[PDB]
Every structure is written in C-alpha cells, then in structure tokens.
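Asker: Right, I'll just put the structure down here and ask away after.
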Amino acid sequence: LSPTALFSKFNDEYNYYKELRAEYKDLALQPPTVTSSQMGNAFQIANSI
Amino acid sequence: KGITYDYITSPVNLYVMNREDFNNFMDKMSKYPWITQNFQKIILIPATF
C-alpha cells in the first residue's frame with residue numbers, strides 16, 4: 001500500500017561515480033616538446049645541464 | 001685554432017665586427033679570393049649577448 005515515493009528514497013551514486021571516471025590517463029603533466037637543435041647537445045652544455 | 005667558447009670547442013675561428021666595418025673589410029680582402037672562399041658561415045648575432 002506504500003506509494004511510489006518508496007523508490008524516491010533510493011540513492012544513485014552509481015551514475016555520478018561512473019561520470020567522475022577519467023577518460024584519458026596522463027603519463028606526463030604536459031606533453032613533451034620534440035625539437036632537436038641543429039648543434040645538438042651543445043645547448044645543454046652551455047648551461048651545464 | 002680552437003677557441004673553446006661557452007665550454008664548447010672546435011677548430012673553426014670566430015670573428016665579430018660591426019655592420020659598417022664588414023663591407024670595408026670585404027673590400028680590403030677582395031685581392032685574396034681563396035681566403036674569402038674559405039669563409040664558412042655568417043650570422044647576425046644580437047649585440048646584447
């Protein structure tokens with residue numbers, strides 16, 4: 001004899017927590033730059049790195 | 001000879017001259033074609049560095 005309000009007491013964190021899941025996992029904080037100087041390693045030697 | 005600038009060394013010799021004097025120097029060296037043929041690279045580096 002209880003009404004449909006029974007189902008209203010239901011809680012649905014299932015959909016919320018599927019939503020929160022990350023689409024892309026990031027190996028590095030920002031994409032690595034890919035450009036090789038013509039001199040080569042020379043530049044790093046300039047700053048001793 | 002080896003200059004060894006900025007911790008990096010190579011046989012080539014580096015000279016620097018102002019814009020005005022370069023053409024006069026070229027005119028003075030016009031008599032010597034083989035030396036001029038030997039010039040490798042010319043770069044307009046900023047003066048501040």
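Naming scheme: A, B, ... for chains in displayed order of the structure tokens; residues 1 onward per chain; ligands 1 onward as shown.
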Residues of chain B within 9 Å of chain A, using only C-alpha atoms, as a ChimeraX atom specification?

Answerer: /B:6-8

Asker: So that I can see what lies close to region 38-40 of chain B, please list as a list in words the residues with an atom at most 12 Å from it, counting only C-alpha atoms and leaving out residues fewer than 4 positions away in the same chain.

Answerer: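 Contacts, in chain order: residues 12, 13, 14, 15, 26, 29, 32, 33 and 34 of chain B.
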
Asker: Let's see if you can do this: from backbone DSSP, list all alpha helix (DSSP H) residues in chain B, as a PyMOL selection string.

Answerer: chain B and resi 19-28+33-38

Asker: Based on the selection just made, write C-alpha atoms of those residues as a compact mmCIF listing (two decimals), in the first residue's frame.

Answerer:
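Everything below was put into again_18.txt:
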# COMPACT_ATOMS: atom_id res chain seq x y z
CA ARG B 19 77.92 46.20 -39.73
CA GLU B 20 79.69 49.27 -41.13
CA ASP B 21 83.19 47.79 -40.96
CA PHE B 22 82.26 44.46 -42.58
CA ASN B 23 81.89 45.81 -46.11
CA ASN B 24 85.13 47.78 -45.84
CA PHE B 25 86.91 44.64 -44.64
CA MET B 26 85.45 42.73 -47.59
CA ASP B 27 86.74 45.41 -49.96
CA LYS B 28 90.21 45.24 -48.41
CA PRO B 33 89.88 35.27 -53.36
CA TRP B 34 90.95 31.98 -51.78
CA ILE B 35 90.61 33.32 -48.23
CA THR B 36 87.14 34.68 -48.99
CA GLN B 37 86.12 31.34 -50.48
CA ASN B 38 87.11 29.82 -47.14

Asker: Neighbouring residues of residue 18 (chain B) were defined as those with any atom within 12 Å, considering only C-alpha atoms; residues of the same chain fewer than 6 positions away were excluded. Please report them as a ChimeraX atom specification.

Answerer: /B:24-25,43-47

Asker: Could you tell me how far CA of residue 16 (chain B) sits from CA of residue 44 (chain A), in Å to one decimal place?

Answerer: 23.9 Å
